Amino acid sequence: XXXXXXXXXXXXXXXXXXXXXXXXXXXXXXXXXXXXXXXXXXXXXXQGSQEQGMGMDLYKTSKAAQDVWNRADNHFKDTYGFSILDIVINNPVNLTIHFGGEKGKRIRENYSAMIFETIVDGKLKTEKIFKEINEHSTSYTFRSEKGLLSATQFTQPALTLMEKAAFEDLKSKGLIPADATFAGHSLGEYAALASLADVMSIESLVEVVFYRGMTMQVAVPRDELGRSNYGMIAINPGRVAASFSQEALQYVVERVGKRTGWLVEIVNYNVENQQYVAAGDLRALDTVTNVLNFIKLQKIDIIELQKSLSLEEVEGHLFXXXXXXXXXXXXXXXXXXXXXXXXXXXXXXXXXXXXXXX
Numbered sequence: 063x064x065x066x067x068x069x070x071x072x073x074x075x076x077x078x079x080x081x082x083x084x085x086x087x088x089x090x091x092x093x094x095x096x097x098x099x100x101x102x103x104x105x106x107x108x109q110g111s112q113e114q115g116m117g118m119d120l121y122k123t124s125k126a127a128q129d130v131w132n133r134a135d136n137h138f139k140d141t142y143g144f145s146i147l148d149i150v151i152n153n154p155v156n157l158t159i160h161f162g163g164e165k166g167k168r169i170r171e172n173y174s175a176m177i178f179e180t181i182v183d184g185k186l187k188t189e190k191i192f193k194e195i196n197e198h199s200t201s202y203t204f205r206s207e208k209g210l211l212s213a214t215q216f217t218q219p220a221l222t223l224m225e226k227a228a229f230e231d232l233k234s235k236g237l238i239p240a241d242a243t244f245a246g247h248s249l250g251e252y253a254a255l256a257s258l259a260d261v262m263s264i265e266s267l268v269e270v271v272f273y274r275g276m277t278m279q280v281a282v283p284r285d286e287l288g289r290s291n292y293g294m295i296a297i298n299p300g301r302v303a304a305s306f307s308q309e310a311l312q313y314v315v316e317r318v319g320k321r322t323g324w325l326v327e328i329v330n331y332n333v334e335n336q337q338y339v340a341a342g343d344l345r346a347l348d349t350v351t352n353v354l355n356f357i358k359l360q361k362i363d364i365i366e367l368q369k370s371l372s373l374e375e376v377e378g379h380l381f382x383x384x385x386x387x388x389x390x391x392x393x394x395x396x397x398x399x400x401x402x403x404x405x406x407x408x409x410x411x412x413x414x415x416x417x418x419x420x
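When you line the sequence shown up against the numbering used here, it's residues 63 to 420, in that order.
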């Protein structure tokens, strides 16, 4: 005889039908099907890749992603005037949205509902996300001047929403294997919990992703002009390391303030931040690199060049910047370890409604 198979579908598995035929060239053995699978392990966003285009192409492509946005973007300008998509396609930053925030009917549900009533707990109990929203007073006006499709107040709504859609299409066309590895990062985590075996409401998903958004901003009220003694950097060892600074850092906190952000890999680490921690720490690692390994008598060391150039630059200005040479700075205004006494009250008392139950 002689039979032959070829991939052909999904359903969750894969399909693989095949035919076998007589040496006479007859149709015997007939049909077939199969349903194999592979050792999956999906992942997620990087809360810092986002940009103009953003899988819009897809948008028109599959009815899948289709309504994903629709709902979100709809429920959006619906609950909180303005549309993600809009912001996703083009970057209307600059004197970005401000909403005419109708002072009629649709006013309240916006210029009140959800907005103003916003509450973060970085400091004190009731700090309603930037006042101004005051009673009547029409029109707020978010606005960066280099790409509002960031400010991580939006970045999230998108990069999030983005993957979601992307997902749908998948299991839609049947590609996701029941048993898989949910993966995240910063926000990239919802980029699974949200997707893969649902949890929240397609809708509400962003509602919070967004909430967590603003929240991740008014916890460190600083420079009522435009900035803060905050941000962060990342770094890769330069001659022997590992945990290398887990304390070379944790030995600066003994005199100033800062923790290790995320720690993606041995030759690459996310450094949370406290201004004079950068221009203050940098030199530290920057001097060790003057070719000096790891040996000798321990204990009576460190805190040397630390308190040397640390209490040297922390006063080298007021609201300085950053530098280079092993360890490059990021471009934000917050962290993920310092907040601490900001948890619960927001992303948790909020995580409550939307997430929990069923």
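Beta carbons are placed, not taken as given, at the ideal position from N, Cα and C, and that holds for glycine.
Close-in-space but distant-in-sequence residues of the same chain around residue i (CB under 6 Å, 5 per side omitted)
{"i": "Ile364", "result": "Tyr313"}
{"i": "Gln218", "result": "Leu249, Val271, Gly275"}
{"i": "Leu147", "result": "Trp131, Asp135"}
{"i": "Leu325", "result": "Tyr331"}
{"i": "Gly117", "result": "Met224"}
{"i": "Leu371", "result": "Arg345"}
{"i": "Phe356", "result": "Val302"}
{"i": "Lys125", "result": "none"}
{"i": "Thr349", "result": "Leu367"}
{"i": "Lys122", "result": "none"}
{"i": "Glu375", "result": "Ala341, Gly342"}
{"i": "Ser234", "result": "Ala126"}
Proximal residues to residue i (C-beta, below 7 Å), its chain only, five neighbours per side dropped
{"i": "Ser257", "result": "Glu225, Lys226, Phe229"}
{"i": "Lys369", "result": "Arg317"}
{"i": "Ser307", "result": "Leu347"}
{"i": "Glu286", "result": "none"}
{"i": "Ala304", "result": "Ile328"}
{"i": "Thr188", "result": "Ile181"}
{"i": "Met176", "result": "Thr141, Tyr142"}
Unbroken alpha helix (DSSP H) run spanning residue i, endpoints
{"i": "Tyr121", "result": "118-123"}
{"i": "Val150", "result": "146-151"}
{"i": "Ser370", "result": "368-375"}
{"i": "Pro219", "result": "217-235"}
For residue i, three-class secondary structure by DSSP
{"i": "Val182", "result": "strand"}
{"i": "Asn355", "result": "coil"}
{"i": "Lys193", "result": "coil"}
{"i": "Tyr252", "result": "helix"}
Chain D within 7 Å of residue i, Cβ atoms only
{"i": "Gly110", "result": "Structure shown: chain D not included; a single protein chain is present."}
Close Cβ partners of residue i (< 8 Å) along its chain, the five nearest in sequence each way excluded
{"i": "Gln109", "result": "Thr214, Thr217, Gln218, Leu221, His247, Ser248, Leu249, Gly250"}
{"i": "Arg133", "result": "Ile264, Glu265"}
{"i": "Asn196", "result": "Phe178"}
{"i": "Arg284", "result": "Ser290, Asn291, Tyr292, 395"}
Exercise. Considering only residues of the region 255-311, which uninterrupted alpha helix (DSSP H) runs meet the minimum length of 4 residues and lie entirely inside it, listed in chain order?
Worked result: 264-280
Exercise. Are three or more beta carbon pairs between the region 132-147 and the region 255-274 nearer than 8 Å?
Worked result: At 8 Å Cβ cutoff, the stretches touch.
Exercise. Are at least three pairs of beta-carbons, each pair with one atom in the region 335-342 and one in the region 307-327, less than 8 Å apart?
Worked result: Short answer: they touch.
Problem set entry | Residue ranges of each alpha helix (DSSP H) within the region 316-365, 4 or longer | Correct list: 340-350.
Problem set entry | Contact between the region 164-176 and the region 206-222 (3+ Cβ pairs under 8 Å) | No, the region 164-176 does not touch the region 206-222.
Exercise. Does the pairing of the region 147-160 with the region 178-193 give three or more beta-carbon distances under 8 Å?
Worked result: no
Exercise. Per the contact definition of three or more C-beta pairs closer than 8 Å, is the region 205-212 in contact with the region 152-163?
Worked result: yes
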